[PDB]
C-alpha cells in the first residue's frame, strides 16, 4: 500500500509535505536514505518536525528493499527519497513504480530541481523502465515532465 513516492530534499520539512499527506491520506512516511538511516541526529530533527499523527520510519535502501520483499505494508505509506539513484535501486529491488513525483532537488533545470550527471543518468533509467516522472512541488502546483530535460 505504497500510495505515493517522492524525491524531496526538504523531506518532512515544512507545509510542503503535509499537502501531500492530506491528499493521499498518508498514515506513514518511510524516508528511504542511507545517510539518514545512519544518522540519529537528523532522524531526531525530522521526528521533531513531523506532524501530529504521522508514523515516520527510516530505512537504508538495502533494508527497505528487504522489508518490501519480506513484509506486507498495511498503513497508507508515503516514501520519501533524496535522489533518483536510490529510487532506481529500489526498482531493481522490485518496487513497482508507475508514477514518481519529484519535489525539491538542491545544474539548474527547473524551479526546484537541480540535476547532476548521476541524477540525469538514473532519472533516465527510471523513465526508461516505464515510470512516469513529474516535477511538482505542491498538489496545486504546475506539473512539468522531467523527461523534458533528459
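Numbering follows the first chain given and starts at 1.
**Student:** Deposited residues absent from the coordinates between residue 69 and residue 70, none, 1 to 3, 4 to 9, or 10 or more?
**Tutor:** The entry has no gap there; residue 69 and residue 70 are joined directly.
**Student:** Taking only the CA atoms, which stretch has the higher mean B-factor in the record, 137 to 145 or 11 to 19?
**Tutor:** For C-alpha atoms only, the mean B-factor is higher in 11 to 19.
**Student:** Looking only at CA atoms, which has the higher mean B factor in the entry: 45 to 53 or 29 to 37?
**Tutor:** Of 29 to 37 and 45 to 53, the stretch with the higher C-alpha B-factor average is 45 to 53.
**Student:** Taking the Cα B-factors listed in the entry, which of 61, 100, 91, 113 comes out highest?
**Tutor:** Answer for 61, 100, 91, 113: 113, with the highest C-alpha B-factor.
**Student:** Would you please rank residue 105 by its C-alpha temperature factor against the other modelled residues of its chain and give the third it falls in: lowest, middle or highest?
**Tutor:** For residue 105, whose C-alpha B-factor we compare with every modelled residue in the chain, the answer is the highest third.
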